[PDB]
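First comes one chain, alone, set out as structure tokens in the form deposited in one PDB entry.
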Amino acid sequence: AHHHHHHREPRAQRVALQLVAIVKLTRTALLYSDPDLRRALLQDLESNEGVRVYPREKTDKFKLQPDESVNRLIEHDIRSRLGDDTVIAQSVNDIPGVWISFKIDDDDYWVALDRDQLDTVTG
């Protein structure tokens, strides 16, 4: 069941940069937010970025992205910026989207993006 010896990148940098920008936007704005503006922040991030934030638990089920060439690229550039431990998934606890894990100190979270597929760059 193993294989044997036998005898695109620039776009994916833009896709990863845009997705990493959205995670850092979510994390930083949330972390330092006025509790009385937090509801407005979540609406702003959902309405403008299609972002929702979840706590991330050990018991979470997730499905990996389809294992295609572009995805492996995007995930590589995602990870070199946010960390190797970053989980990226097409689905968490049966809810589809582009999922990306992030941390605040020892707290785990998810951003879930309403996006179609991982290989997507908005104008």
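So that the term is clear: the rigid core is the largest set of C-alpha atoms that superpose within 1.5 Å between two forms. Heads up: residue numbers just count along the shown sequence, starting at 1.
Separately, the form deposited in another entry exists; it is not shown, and the next lines address it.
J.: Kindly specify the one residue in 42, 88, 29, 70 whose Cα moves by 2 Å or more between the shown form and the other one, with superposition done on the rigid core.
T.: Of all the options, the C-alpha that shifts by at least 2 Å belongs to 42.
J.: Knowing the Cα distance between residue 17 and residue 48 changes 3 Å or more in the other form, does it shrink or grow relative to here?
T.: Farther, not closer.
J.: Comparing against this form, do residue 39 and residue 60 have their CA atoms pulled together or pushed apart in the other form? The difference is 3 Å or more.
T.: Those two alpha carbons end up closer in the other form.
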